[PDB]
Amino acid sequence: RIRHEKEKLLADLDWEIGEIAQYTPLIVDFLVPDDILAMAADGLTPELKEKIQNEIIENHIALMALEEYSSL
Ligand SMILES: [Mg+2]
């Protein structure tokens with residue numbers, strides 16, 4: 001359920017289902033650590049939505065950067 005609920009959060013935050021489906025479980029875990037999932041616990045979305053989206057984008061930025069240094 002935990003991973004499942006992370007993937008559902010990513011959808012609820014407007015990530016396209018098409019791109020979520022291509023995340024590996026380890027990437028899901030990296031993008032949506034348990035502290036971020038927990039943010040959504042008593043529900044969205046106020047602009048809790050924008051808050052969490054910002055947190056996940058930060059993590060995705062981290063991931064991307066790491067892909068880019070490795071190569072170059
Ligand atoms: Mg965990």
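We number each residue from 1, following the sequence as shown.
- Nearest heavy atoms, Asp35 versus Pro33: OD1-CB, 3.1 Å.
- Between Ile17 and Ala11, the closest heavy-atom pair is CD1-CB, 3.7 Å.
- Scored by the salt bridge (charged side-chain N to carboxylate O under 4.0 Å, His left out) test, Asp34 finds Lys6 as partners (sequence neighbours excluded).
- Residues satisfying the side-chain hydrogen bond (donor to acceptor under 3.5 Å, both in side chains) criterion with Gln53, sequence neighbours excluded, are absent altogether.
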Under the side chain to side chain contact (heavy atoms under 4.5 Å, CB included) rule, what do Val32 and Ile52 come out as? Steps first, then yes or no, please. CA-CA 9 Å; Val32 192; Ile52 304 173; over 6 Å; no
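- Here the closest non-hydrogen pair linking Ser70 and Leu66 is OG-O, 2.7 Å.
- With sequence neighbours excluded, the residues that form a side chain to side chain contact (heavy atoms under 4.5 Å, CB included) with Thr24 are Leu26, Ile27.
- Checked against side chain to side chain contact (heavy atoms under 4.5 Å, CB included), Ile61 has the following partners two or more places apart in sequence or in another chain: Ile57, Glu58, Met64.
- Between atom CD of residue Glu19 and atom CG of residue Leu10 there is a gap of 9.5 Å, rounded to the nearest 0.5 Å.
- Atom CD in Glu55 sits 13.0 Å away from atom CD in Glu50 (nearest 0.5 Å).
- Counting only residues at least two apart or on different chains, no salt bridge (charged side-chain N to carboxylate O under 4.0 Å, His left out) pair has a member in residues 60-72.
- Rounded to the nearest 0.5 angstrom, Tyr23 OH and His60 NE2 are separated by 5.0 Å.
- Partners of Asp14 according to the side-chain hydrogen bond (donor to acceptor under 3.5 Å, both in side chains) rule, which considers only residues two or more places apart in sequence or in another chain, are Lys49.
- Taking CG of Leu31 as the reference point, atom CD1 of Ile20 lies at 10.0 Å (rounded to 0.5 Å).
- Taking CG of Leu37 as the start and CD of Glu5 as the end, the distance is 7.0 Å to the nearest 0.5 Å.
- Under a 3.5 Å cut-off, the side chain of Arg3 and the backbone N or O of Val28 do not form any donor-acceptor pair.
- A distance of 10.0 Å separates CG of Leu13 from CD1 of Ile36, quoted to the nearest 0.5 Å.
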